[PDB]
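Here it is as structure tokens:
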């Protein structure tokens, strides 16, 4: 879901990654770039805090606001040995909405203000084991594999009409649907809740695996070429405790308690390629094109709620498409220890969608990165980064939202 950049310096140059040293976050990016590290053993610690700013406005002007900040982190050690760089890491990141329980999105049809809450929070934990061999002096090659652990927590309200659209498109089923239609009726609402790791398991979480591999060529003595393939993150089944709760035309509430199993939530596979010409030996420039490939694997994400009274089920086809994100970045060393970086990264999806789901914000296209490094030891470096998600006005409801992302790292060398 870090479709964009990964690393404090990769984040600082428009998410570029493939054909230059991006720190140890290249494990999550292109492990073939790790052999461009200084000698010995780089040990990195990164911190990222992300403030999001969604403003859904609706049919006849009512403001639902989400001004939440998610934070992710990073810590990794890549050790030299021969050409072989052998590192590993823990990469946590976070994303979420929290609109509260006073919005129009906390209304039934009719318009009855319920107490229910709209909110979401995902936490992925990539954790790669990776390598980087220098083959010839012109070619390096790396690969990693990550253990992954996702945790999803959700508070979602659907006005009756949306439920009806779901059964009508052949998407909803399950024996609770009859049963509880006619408690919810044409002015009611259904609600789902998935609450924090209070239960040891539960939580709604899964384990799985992801993969990576890459390369690099020095076409000039001052121009590098780079390619890497990220795999579809094969997330296991999300499982935990949920509460489906049915609300009626007057505001009555039927709380129900069962287990949800979310099948087939894929992160996408992706193929990026790029260069980094250095035409001045303190004025570097890099650029990649990434294409993220969803449009493959033609199955369906299945949300199954089972309970003592019966099951509800939602099948959402995997549909989907590419996102092509052209990104460029520069890195002028104006002096010995201080490189200064900037960039931009326009993404554009192929066949679009306008699934205005306020609890699922969509990736912003035009980001604008900035940042730089200060070596204050040459064996103890530090990097920072700031990225502006230039905002969209999407319109089905009508949304507006923007991201500011802000990173740092510390790399002490050994």
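Residue numbers (the UniProt record's numbering): 24 to 93, 100 to 123, 125 to 426, 436 to 453. Just so it is clear, CB atoms sit at the ideal spot from N, CA and C, and this is done for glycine as well.
Out of the options, which has the shortest C-alpha to C-alpha gap to residue i?
{"i": "residue 332", "options": "322, 325, 343", "result": "343"}
{"i": "residue 57", "options": "63, 69, 44, 121", "result": "44"}
{"i": "residue 424", "options": "388, 207, 109", "result": "388"}
{"i": "residue 145", "options": "154, 132, 227", "result": "132"}
{"i": "residue 142", "options": "266, 349, 216", "result": "216"}
{"i": "residue 240", "options": "248, 260, 452, 252", "result": "260"}
{"i": "residue 116", "options": "83, 48, 346, 177", "result": "48"}
{"i": "residue 376", "options": "391, 398, 290", "result": "398"}
{"i": "residue 352", "options": "340, 385, 324, 152", "result": "324"}
{"i": "residue 255", "options": "237, 315, 200", "result": "315"}
{"i": "residue 92", "options": "149, 207, 193, 118", "result": "149"}
{"i": "residue 182", "options": "53, 270, 262, 220", "result": "270"}
{"i": "residue 418", "options": "374, 405, 386, 385", "result": "374"}
{"i": "residue 258", "options": "53, 326, 37", "result": "53"}
{"i": "residue 187", "options": "234, 235, 400, 134", "result": "134"}
{"i": "residue 189", "options": "385, 147, 218", "result": "218"}
{"i": "residue 280", "options": "199, 378, 326, 137", "result": "137"}
{"i": "residue 400", "options": "326, 34, 27", "result": "34"}
{"i": "residue 427", "options": "436, 195, 276", "result": "Residue numbering in the chain jumps from 426 to 436; residue 427, which lies between, is not modelled."}
To which residues of the same chain is residue i closer than 6 Å at the C-beta, ignoring the five residues directly before and after it?
{"i": "residue 55", "result": "162, 170, 171, 172, 244, 245, 246"}
{"i": "residue 120", "result": "51, 103, 156"}
{"i": "residue 445", "result": "72, 416"}
{"i": "residue 114", "result": "57, 58, 107, 162"}
{"i": "residue 32", "result": "45, 46, 413"}
{"i": "residue 67", "result": "46, 47, 105, 448, 450"}
{"i": "residue 61", "result": "452"}
{"i": "residue 291", "result": "267, 269, 334"}
{"i": "residue 227", "result": "233"}
Pull up the distance between the alpha-carbon of residue i and that of residue j, whole angstroms please.
{"i": "residue 381", "j": "residue 354", "result": "11 Å"}
{"i": "residue 174", "j": "residue 278", "result": "51 Å"}
{"i": "residue 202", "j": "residue 420", "result": "36 Å"}
{"i": "residue 321", "j": "residue 213", "result": "46 Å"}
{"i": "residue 368", "j": "residue 402", "result": "7 Å"}
{"i": "residue 74", "j": "residue 329", "result": "34 Å"}
{"i": "residue 164", "j": "residue 394", "result": "36 Å"}
{"i": "residue 308", "j": "residue 179", "result": "39 Å"}
{"i": "residue 300", "j": "residue 264", "result": "13 Å"}
{"i": "residue 127", "j": "residue 411", "result": "34 Å"}
{"i": "residue 204", "j": "residue 334", "result": "9 Å"}
{"i": "residue 442", "j": "residue 152", "result": "16 Å"}
{"i": "residue 359", "j": "residue 370", "result": "11 Å"}
{"i": "residue 139", "j": "residue 87", "result": "16 Å"}
{"i": "residue 197", "j": "residue 82", "result": "23 Å"}
{"i": "residue 79", "j": "residue 286", "result": "29 Å"}
{"i": "residue 452", "j": "residue 408", "result": "8 Å"}
{"i": "residue 166", "j": "residue 125", "result": "41 Å"}
{"i": "residue 238", "j": "residue 310", "result": "44 Å"}
{"i": "residue 298", "j": "residue 346", "result": "16 Å"}
{"i": "residue 122", "j": "residue 100", "result": "6 Å"}
{"i": "residue 348", "j": "residue 30", "result": "30 Å"}
{"i": "residue 338", "j": "residue 266", "result": "25 Å"}
{"i": "residue 220", "j": "residue 296", "result": "26 Å"}
{"i": "residue 85", "j": "residue 184", "result": "23 Å"}
{"i": "residue 224", "j": "residue 273", "result": "7 Å"}
Tell me residue i's beta-bridge partners as DSSP assigns them.
{"i": "residue 241", "result": "175"}
{"i": "residue 277", "result": "219, 283"}
{"i": "residue 348", "result": "Bridge partners of residue 348: none, in fact."}
{"i": "residue 410", "result": "451"}
{"i": "residue 426", "result": "Looking at the DSSP assignment, residue 426 forms no beta bridge with any residue, so it has no partner."}
{"i": "residue 128", "result": "149"}
{"i": "residue 357", "result": "318, 375"}
{"i": "residue 43", "result": "Note: residue 43 sits in no beta bridge, so no partner."}
{"i": "residue 419", "result": "397"}
{"i": "residue 246", "result": "170, 256"}
{"i": "residue 363", "result": "369"}
{"i": "residue 269", "result": "235, 291"}
In chain order, what residues of the same chain have a beta carbon less than 7 Å from the beta carbon of residue i, not counting five sequence neighbours either side?
{"i": "residue 318", "result": "39, 40, 41, 302, 303, 304, 357"}
{"i": "residue 336", "result": "288, 289"}
{"i": "residue 77", "result": "89, 127, 388, 391, 438, 440"}
{"i": "residue 364", "result": "370"}
{"i": "residue 405", "result": "367, 411"}
{"i": "residue 313", "result": "362"}
{"i": "residue 112", "result": "58, 163, 164"}
{"i": "residue 154", "result": "24, 122, 178, 180"}
{"i": "residue 252", "result": "307, 308, 309"}
{"i": "residue 248", "result": "168, 254"}
Taking only beta-carbon atoms, is residue i less than 8 Å away from chain D?
{"i": "residue 247", "result": "In the displayed structure, chain D is absent; only one protein chain is listed."}
Leaving aside the five residues before and after residue i along the sequence, list all residues of the same chain whose C-beta is less than 8 Å from its C-beta, in chain order.
{"i": "residue 64", "result": "106, 107, 108, 109, 452, 453"}
{"i": "residue 426", "result": "384, 386"}
| request: Write down every uninterrupted run of the alpha helix (DSSP H) in the segment 132-209 whose length is 4 residues or greater and which is fully enclosed by it, in chain order. | output: List check, alpha helix (DSSP H) in window: 190-198.
| request: Jot down the residue ranges of each uninterrupted beta strand (DSSP E) in the segment 313-349, minimum 3 residues, whole runs only, in chain order. | output: Taking only runs of at least 3 residues, the beta strand (DSSP E) segments lying wholly in the segment 313-349 are 313-323, 330-336, 342-347.
| task | Would you list, in sequence order, the uninterrupted beta strand (DSSP E) runs of no fewer than 3 residues that lie entirely inside the segment 60-89? | result | The qualifying runs are 64-75.
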